[PDB]
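An overview of the molecular structure
Here are the chains, one letter per residue:
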Amino acid sequence: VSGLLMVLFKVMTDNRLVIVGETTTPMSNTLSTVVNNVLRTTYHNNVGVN
Amino acid sequence: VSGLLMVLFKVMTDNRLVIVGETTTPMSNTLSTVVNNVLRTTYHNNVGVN
Amino acid sequence: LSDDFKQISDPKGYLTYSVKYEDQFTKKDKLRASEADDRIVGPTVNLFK
């Protein structure tokens, strides 16, 4: 009940700005028709799990 | 006006025959739908700028 | 036989292309395509950097 009160402190005193970097664009000839209409032109290279 | 008269000499005394060489054929599975209906079956390998 | 004209592999042409690059205008999106997507439209991309 002291650690849960401490994780609430760190999220409050946050200060970060996201900067676009590393992004690349693939071609339509080089993607499955399933993985294509899910991508909006340019993905972020360092894609995460989902 | 002497150099422009000389470039007209070289183009007149020309004599060259083009010989098909190096040509290769790509597959439909390995081309974008944009770069496909622009190619007539077999391109010349040593393609120029355009 | 007389042998008038001689033959060549690839034709030359009379009118060619030139360019003056600006070495401070680079896009941060390294794009990519297939290999046959590359070859046909390949050297023409590297004349219009």
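Residues numbered from 1 in each chain as written, not as in the entry; some residues may be left out. Chains lettered and ligands numbered in written order. Part of a larger assembly, values for the part shown. Heavy atoms only, no water.

- This entry, as listed in the PDB, derives from cryo-EM and reports a resolution of 3.9 Å.

1. Details of the overall build of chain C
- Each helix and strand in chain C was counted, giving one helix and one strand.
- Taking the principal axes of its C-alpha atoms as reference, chain C extends roughly 60 × 30 × 10 Å.
- Out of the 49 residues in chain C, the part that is buried amounts to 14%.
- As displayed, chain C offers around 4,900 Å² of accessible surface, 53% of which is attributable to carbon and sulfur atoms.
- Positive and negative side-chain charges of chain C, numbering 9 and 9 respectively, have mean locations separated by a distance of 8 Å. (Helix = DSSP H or I, 4+ residues; strand = E, 2+ residues; numbered from the N terminus. Buried < 20%, exposed > 50% of the residue type's maximum accessible area, 1.4 Å probe, protein only. Areas by Shrake-Rupley, 256 points an atom, 1.4 Å probe, with all protein chains shown as cover. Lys, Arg positive; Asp, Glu negative; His and termini not counted. Charge placed at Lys NZ, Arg CZ, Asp CG, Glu CD.)

2. Structural notes on the layout of surface pockets
- In this structure, the largest pocket occupies an estimated 780 Å³ of space.
- Lining the largest pocket are 25 residues, and of these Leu31(C), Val45(C), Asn46(C), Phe48(C) and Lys49(C) sit closest to its centre.
- Sorting the residues of the lining of the largest pocket by element identifies helix 2 (33–36) of chain B together with helix 1 (36–39) of chain C as the ones contributing at least two each.
- Residues of the lining of the largest pocket, tallied by class, amount to 10 nonpolar, six polar and nine charged.
- In terms of lining residues, the second largest pocket is bounded by 13 residues, among which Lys10(B), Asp14(B), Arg16(B), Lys12(C) and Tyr14(C) are the most central. (1 Å grid on protein atoms, 1.4 Å probe; cavity = no way out; pocket = protein on both sides within 12 Å on 5 of 7 lines; lining within 4 Å. Points joined across faces, edges and corners; volume = space filled by probe spheres on them. Nonpolar A, V, L, I, M, F, W, Y, C, P; charged D, E, K, R; others polar.)

3. Overview of the nonpolar core
- Residues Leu31(B), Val35(B), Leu39(B), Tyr43(B), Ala36(C) and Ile40(C) constitute the largest nonpolar core, which totals six residues.
- Not counting chain neighbours up to four residues away, the residues in contact with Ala36(C) comprise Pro26(B), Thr30(B) and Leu31(B). (Core = buried A, V, L, I, M, F, W, Y, C linked by side-chain atoms within 4.5 Å. Contact = heavy atoms within 4.5 Å.)

4. Some details on the interface of chain C and chain B
- Between chain C and chain B, the contact holds 19 residues from the first and 19 residues from the second.
- Where chain C abuts chain B, roughly 1,900 Å² becomes buried across the two surfaces, and 60% of that area is made up of carbon and sulfur atoms.
- The tally of links from chain C across to chain B stands at zero salt bridges.
- Counting the contacts that link chain C with chain B gives eight residue pairs in polar contact.
- Of all the elements in the fold, those that place two or more residues in the side of chain C that touches chain B are strand 1 (6–8) and helix 1 of chain C.
- The class makeup of the residues in the side of chain C that touches chain B is 10 nonpolar, three polar and six charged.
- Of the strand pairs in this sheet, strand 1 (residues 16–18) of chain B and strand 1 of chain C are connected by three bridges, and their pairing is parallel. In the sheet register, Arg16(B) faces strand 1 of chain C, and the bridge partner there is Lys6(C). (Buried area = accessible area lost by both parts, 1.4 Å probe. Salt bridge = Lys/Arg side-chain N within 4 Å of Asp/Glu carboxyl O. Polar contact = N/O pair within 3.5 Å; in protein donor to acceptor, adjacent residues only side chain to side chain. Pairing = 2+ DSSP bridges.)

5. Quick word on the pattern of salt bridges
All names here are of chain B.
- Applying the stated criterion across every chain yields a total of two salt bridges over all chains.
- Among the salt bridges present, the one from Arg16 reaches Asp14, with a minimum N-O distance of 3.0 Å.
- Overall, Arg16 belongs to the partly exposed group, its relative accessible area being 37%.

6. Here we look at the packing of aromatic side chains
All names here are of chain C.
- Counted by the stated rule, this structure contains one aromatic pair over all chains.
- Ring geometry for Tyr17 against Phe48: centres 6.1 Å apart, planes inclined by 75°, an arrangement best described as edge-to-face. Taken together, the positions of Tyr17 in the loop between strand 1 and helix 1 and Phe48 in the segment after helix 1 put the pair 31 residues apart, joining distant regions of the chain. Accessibility classification places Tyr17 together with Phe48 in one group, the exposed group. (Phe/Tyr/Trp six-rings, centres within 6.5 Å; stacked < 30°, edge-to-face > 60°.)

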